[PDB]
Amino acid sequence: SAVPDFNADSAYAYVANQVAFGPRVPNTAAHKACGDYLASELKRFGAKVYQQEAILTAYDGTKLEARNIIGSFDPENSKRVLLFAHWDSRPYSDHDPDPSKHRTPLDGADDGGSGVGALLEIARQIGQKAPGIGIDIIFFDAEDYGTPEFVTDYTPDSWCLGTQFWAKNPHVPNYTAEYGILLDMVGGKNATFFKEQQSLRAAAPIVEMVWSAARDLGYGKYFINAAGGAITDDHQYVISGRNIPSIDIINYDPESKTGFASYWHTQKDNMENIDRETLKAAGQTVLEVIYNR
């Protein structure tokens, strides 16, 4: 139609390809190899790719060799939409039931892999058929290296470090877009995306447009027509730092102890939860919106 077909098999394979490297922990070989892969994949689609490298400081003082990866399509268009996700994997499994796993990196299949894999498939479609507005795909680094449950000292703003850096130092001067859409944990079987509070406060028309498109397409069992909780995530820093109204599409459970999927920040954030039908619902909705709303 006006709108390309999101190939969920393809998105799933992009998730699997990330996970295959090993956990994408900043400073590791797996992180460097996966980042190189992500950059090359955006370039093959025809994006103008920027690799923003910066040394960021984690809550414990670790210097992180961070790399935000930006792919820009129709780069001279002043009218743009930002689509983003984090690509790092957490170095801890600090919600794992087994204390011997708390200090072990997780695969981050849903928490990292899913949003990036959905965006890779979206970007693949954009490369084949221009939507008529500029699109920037951003994979933000060092999102999930915040203070773990077993550390008692507090550090403000310890999450979303790559986004914090970019928002202050964008890849092009005074970068702006009409709106932003973050995908985070968009791969889990039977995921439920509620209207997140920061998204509504900053960008209710964007929320409404996306949730209505999802309903039009038949994905209302995923895009729940209800208010969710407030979630700390990369979009808050895009809102505060670049003044781009942005939303978060994220699996939320209003009755979970953490608000997240059962496997969040555990060793079970692995490929077994990833589901083509969930990826399809998220990805096709985003295509509908950027091409056709």
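Position 1 is the first residue in the sequence shown; the rest follow in order.
Do the C-alpha atoms of 255-263 or of 232-240 have the higher average B factor in the entry? Between 232-240 and 255-263, it is 255-263.
Mean C-alpha B-factor comparison - 109-117 and 71-79, higher one: Comparing 71-79 with 109-117, the higher mean C-alpha B-factor belongs to 71-79.
Compare the CA B factors listed in the entry for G187, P173, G162, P148 and report the winner. Reading the PDB entry, the winner on C-alpha B-factor is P173.
Select one of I122, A142, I181, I133: the residue whose C-alpha shows the highest B-factor in the crystal structure entry. Among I122, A142, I181, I133, the highest C-alpha B-factor in the entry belongs to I133.
Can you tell me which third, lowest, middle or highest, the CA B-factor of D98 falls into for its chain? It falls in the top third of the chain.
Position of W211 among the chain's modelled residues by C-alpha B-factor, lowest, middle or highest third: Answer is middle: the recorded C-alpha B-factor places it there.
Would you mind ranking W87 by its C-alpha B-factor against the rest of the chain and naming the third, lowest, middle or highest? For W87, whose C-alpha B-factor we compare with every modelled residue in the chain, the answer is the lowest third.
In terms of the CA temperature factor given in the entry, to which third of its chain does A8 belong: lowest, middle or highest? Middle third of the chain for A8's C-alpha B-factor.
Which third, lowest, middle or highest, does the CA B-factor of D36 fall in along this chain? Answer is middle: the recorded C-alpha B-factor places it there.
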